[PDB]
Amino acid sequence: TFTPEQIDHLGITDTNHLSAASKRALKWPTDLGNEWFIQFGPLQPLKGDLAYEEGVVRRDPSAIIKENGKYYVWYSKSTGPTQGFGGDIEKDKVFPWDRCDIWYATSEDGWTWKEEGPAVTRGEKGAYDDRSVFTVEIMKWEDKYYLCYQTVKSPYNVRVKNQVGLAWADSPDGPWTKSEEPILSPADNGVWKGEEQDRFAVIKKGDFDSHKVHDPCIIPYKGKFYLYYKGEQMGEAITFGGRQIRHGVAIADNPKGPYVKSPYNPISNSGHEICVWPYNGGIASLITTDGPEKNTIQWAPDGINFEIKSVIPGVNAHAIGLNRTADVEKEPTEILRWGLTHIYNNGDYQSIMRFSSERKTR
Amino acid sequence: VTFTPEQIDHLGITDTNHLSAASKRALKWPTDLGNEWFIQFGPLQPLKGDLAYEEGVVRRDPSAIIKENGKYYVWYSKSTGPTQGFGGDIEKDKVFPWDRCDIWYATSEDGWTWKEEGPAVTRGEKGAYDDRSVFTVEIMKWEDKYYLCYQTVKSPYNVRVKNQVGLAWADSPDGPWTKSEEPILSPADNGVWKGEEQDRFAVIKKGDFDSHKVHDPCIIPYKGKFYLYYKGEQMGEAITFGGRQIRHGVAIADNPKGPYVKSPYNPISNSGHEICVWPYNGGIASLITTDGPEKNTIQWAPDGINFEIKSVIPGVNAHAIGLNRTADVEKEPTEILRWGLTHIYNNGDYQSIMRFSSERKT
Ligand SMILES: [Cl-]
Ligand SMILES: [Cl-]
Ligand SMILES: [Zn+2]
Ligand SMILES: [Zn+2]
């Protein structure tokens, strides 16, 4: 099937001799415009306490909200160099996001940021979040503020399964009350092989999130709470599209849970970081980094069934913290005009950075 | 919707009664496609000697590389001075960095330090089809004779000018070179401009994918004939959900000098930019970059016409690749891509040839 208009739009030279690629091009939706297509500007440094600082990791910025005349952002913060996993795991810092707490900063212009103080810290020895609390996002509901984040219980071994903690407050400045129990855990059905600390050696891989549940982000949606997350699997494979990473959602009736994973998981087949937002009654999601559908912006009318809306150039701003103060409903990608991100200055220390993006115009 | 037990497990799908839109897309992926076309490029590396960046000089769009007389040889577009663009006197200004070019060549023993030799093919006499610029060249060696094919513009270089492709040949890789008296390829003639203003977007009819331009000509001896792969630009080109509309075609001749006849199956890509193509396993492989819904893929056609996606790879930093035709291309699909030449934008006026690497992911 095809019209004359479609043939002309596609530049197809002979409808009696359609190449494989032209056949794929004729399956693209004809009513899908260019308004999901965007390009990022160069990453820009931040001023004040969010400038690079030797000896300190500040990374993985949350979404930004505005309260009290000020932008707020939450982020992972640790100090000291990273050794990695070849030595004493009880003693060393295995990743830059090991040994973290969650701190926060505010800004009147989104450029000069004042680090205010800790928001959420590691629990006492033996608790589920004693090793590191890190990789945070922010949700507001009915005048309360919620931070969901990754937790690790010591030791931070290659094979450890992280969980997700939740903390709440009555002001964006805290103080915050942590949940006594994690709100989300990886699947329980993988099975390791042997005793070596090797995340690739398994007897059974288990579900797509049998190892890790990452980048938790909660969107109040349809009167319920949709926690989108990234699974890593035990025995993760590399495919024609790279690392095999997929996204899930878990849904709660109330902010504090219980969050029950959707039978439709995984709700992506690709991606890495979680970057999602409600738009026109549904949920938009930027899929990046890994997988056959990396570098796409996707949209689900029901937060579950995502369709490709654009295929964009490789995205330079990783782990985006979305500008939630934007006029999100104006345009599918209005929320992405600016926001926060980070950059690997070096293997030990990273810093938060600001990005911009624009639609392309002829 | 079909599936097998083994697909469901490979894809990490949690429940076959509740398949997400994304999970259903993943079920269409070919189940016998391994991960051996998946690669990552390293960072661009500068060249030494005369192919170091040189303020005031453009050297760009490196041809594929061959080895003769003990040295690697490369041909490229070379011009001098700033670019004015299209807002001035077209007859006298330099409208693009690749305007006012001749084709030059360099040699090197290690592929790192390059000595610029001299002009290989220069603009023709005032009024000839190639008087304005000769640029964007490829090399092909056939039965002891060397062939360059390149783009040509006849002055004036207006927005709406249609470039063509010229061909030259020599008995030695140092030349002297003899040019074809006529061009060997031209853009489609079925587009219709709208208005008299120089505006490549204003059309009554767009015509074929290659109605405005026929770019990056590259000839591959194949099945005893000569397959000239090229990138079309289209009169009235749109920005779509995948960005600029850019597609590739092929034109086939019985003999190196032509006549080249366009395949009825054009276009044989639905995305891409500069041509980067190589023989492999009795078929043809193609690196699709920069633009379109299938950008950042490597594809392969068993017949040089019907290409299928073999990998989806991280955003490709090396455009306009000049492939290593000395590589043992049949050894594995991406063997040829271990190293080669490309270019980079130093600024809007000057570009430089660079060296790239890639590696299969572990
Ligand atoms: Cl983790
Ligand atoms: Cl041109
Ligand atoms: Zn994040
Ligand atoms: Zn080229």
Side-chain angles (χ1 to χ4, degrees), chain A residues 59-65 67 72-77 97 100-105 118-123 127-153 161-187 209 212-232 247-262 265 267 271-278 283 285-286 303 319-322 324 339-340:
Chain A
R59 62 176 293 138
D60 288 292
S62 64
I64 303 146
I65 70 168
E67 304 290 351
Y72 282 75
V73 64
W74 292 262
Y75 51 83
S76 303
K77 188 192 191 194
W97 52 82
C100 276
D101 298 310
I102 297 151
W103 283 55
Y104 79 107
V120 176
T121 64
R122 280 159 288 177
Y128 71 98
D129 62 349
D130 65 352
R131 177 72 180 236
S132 193
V133 289
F134 60 111
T135 307
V136 67
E137 269 296 0
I138 173 71
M139 185 267 279
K140 182 167 174 189
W141 186 251
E142 269 169 26
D143 302 317
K144 295 212 62 134
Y145 298 85
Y146 296 83
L147 301 170
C148 59
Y149 44 92
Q150 297 178 18
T151 63
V152 163
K153 176 176 164 155
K161 295 172 199 172
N162 79 288
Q163 294 170 300
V164 172
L166 174 76
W168 48 86
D170 292 304
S171 143
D173 294 282
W176 301 84
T177 303
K178 300 199 284 181
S179 59
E180 297 295 299
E181 298 302 335
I183 57 156
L184 198 80
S185 292
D209 60 349
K212 301 281 190 190
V213 290
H214 279 166
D215 273 27
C217 182
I218 300 160
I219 307 301
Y221 182 52
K222 289 182 184 253
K224 297 195 167 322
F225 301 81
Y226 282 52
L227 188 167
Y228 284 101
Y229 68 94
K230 177 247 294 180
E232 308 196 344
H247 293 177
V249 66
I251 300 161
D253 294 329
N254 292 113
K256 302 182 191 177
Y259 282 91
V260 172
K261 300 182 174 174
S262 166
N265 281 356
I267 53 66
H272 186 291
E273 307 103 307
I274 294 287
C275 180
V276 286
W277 64 103
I283 302 291
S285 173
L286 170 63
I320 284 161
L322 290 159
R324 303 199 190 285
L340 294 190

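Order of the sequence lines fixes the chain letters, A, B, ..., with proteins taken first and strands second; residue numbering starts at 1 for each chain. Any value given below was found using the heavy atoms of this structure, including those in side chains, with hydrogens, waters and symmetry copies removed.
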>> If you apply the rule side chain to side chain contact (heavy atoms under 4.5 Å, CB included), what do you find for A:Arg131 with A:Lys153, and how did you get there?
In response: CA-CA 5 Å; A:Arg131 177 72 180 236; A:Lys153 176 176 164 155; 5.9 Å; no
> Is there a side chain to side chain contact (heavy atoms under 4.5 Å, CB included) between A:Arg59 and A:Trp97 once you walk through the steps?
Replying inline: CA-CA 8 Å; A:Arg59 62 176 293 138; A:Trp97 52 82; 3.5 Å; yes
> Between A:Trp141 and A:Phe225, is a ring pair (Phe, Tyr, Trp, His ring centres under 6.0 Å) present by the stated rule, with each step listed?
Replying inline: CA-CA 10 Å; A:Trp141 186 251; A:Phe225 301 81; 5.2 Å; yes
> For A:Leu184 and A:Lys261, what are the C-alpha separation, side-chain angles and deciding distance, and is it a side chain to side chain contact (heavy atoms under 4.5 Å, CB included)?
Replying inline: CA-CA 9 Å; A:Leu184 198 80; A:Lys261 300 182 174 174; 3.9 Å; yes
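Without hydrogens or angle criteria, A:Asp215 side chain to A:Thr135 main chain gives no donor-acceptor distance under 3.5 Å. In this structure, A:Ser132 contributes its side chain and A:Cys100 its backbone to a donor-acceptor pair below 3.5 Å. Using modelled atom types, one side-chain atom of A:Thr151 and one backbone atom of A:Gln163 make a donor-acceptor pair closer than 3.5 Å. The closest donor-acceptor contact from the side chain of A:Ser76 to the backbone of A:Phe134 lies at 3.5 Å or more, if one exists at all. Side-chain atoms of A:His214 never come within 3.5 Å of backbone atoms of A:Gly231 as a donor-acceptor pair (strictly under, hydrogens ignored).
Side-chain contact check for A:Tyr146 and A:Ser179: no donor-acceptor pair (N or O, by modelled atom type) lies under 3.5 Å. Between A:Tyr145 and A:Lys140, the side chains place a donor N or O and an acceptor N or O closer than 3.5 Å (distance only, hydrogens not considered). Residues A:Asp60 and A:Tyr149 bring no donor and acceptor atom of their side chains to less than 3.5 Å of each other.
Using a 4.5 Å heavy-atom threshold, the side chains of A:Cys275 and A:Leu322 count as touching. Using a 4.5 Å heavy-atom cutoff, the side chains of A:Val213 and A:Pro186 are in contact. When side chains are defined from C-beta on, A:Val120 counts as touching A:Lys178, because their heavy atoms get closer than 4.5 Å.
Note on ring orientation: taking the six-membered ring where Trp is involved, the planes of A:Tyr72 and A:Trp74 are parallel (angle under 30°, cut-offs 30° and 60°).
Salt-bridge check for A:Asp170 with A:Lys144: passed, with a basic side-chain N closer than 4.0 Å to an acidic carboxylate O. Taking the charged nitrogens against the carboxylate oxygens, A:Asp101 and A:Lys77 have no contact shorter than 4.0 Å, which rules out a salt bridge.
With sequence neighbours excluded, no residue forms a ring-ring contact (aromatic ring centres under 6.0 Å, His included) with A:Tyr259.
In this structure, A:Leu166 CG and A:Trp176 CH2 are separated by 9.5 Å, a value rounded to the nearest 0.5 Å. One finds the OH atom of A:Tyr229 at 9.0 Å from the CD1 atom of A:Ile267 (value rounded to the nearest 0.5 Å). Atom CD1 in A:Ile251 sits 13.0 Å away from atom CD1 in A:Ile219 (nearest 0.5 Å). The distance from the CD1 atom of A:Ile283 to the CH2 atom of A:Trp277 is 10.5 Å, given to the nearest 0.5 Å. For the atom pair A:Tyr104 OH and A:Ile138 CD1, the distance stands at 11.5 Å (nearest 0.5 Å). To the nearest 0.5 Å, the span separating SG on A:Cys148 from CE on A:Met139 amounts to 7.5 Å.
Of all heavy-atom pairs between A:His247 and A:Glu273, the closest is CE1-O, 3.2 Å. Residues A:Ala252 and A:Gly257 come closest through the heavy atom pair CB-CA, 3.8 Å. When all heavy atoms of A:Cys217 and A:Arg324 are compared, the closest pair comes out as SG-NH2, 3.5 Å. A:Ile64 and A:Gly339 make their closest contact through CD1-CA, 4.2 Å (heavy atoms, listed as atom of the first residue, atom of the second, distance).
Tested against A:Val152, the residues A:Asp130, A:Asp129, A:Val133, A:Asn162 include a single side-chain contact (heavy atoms from CB on, under 4.5 Å) partner, A:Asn162.
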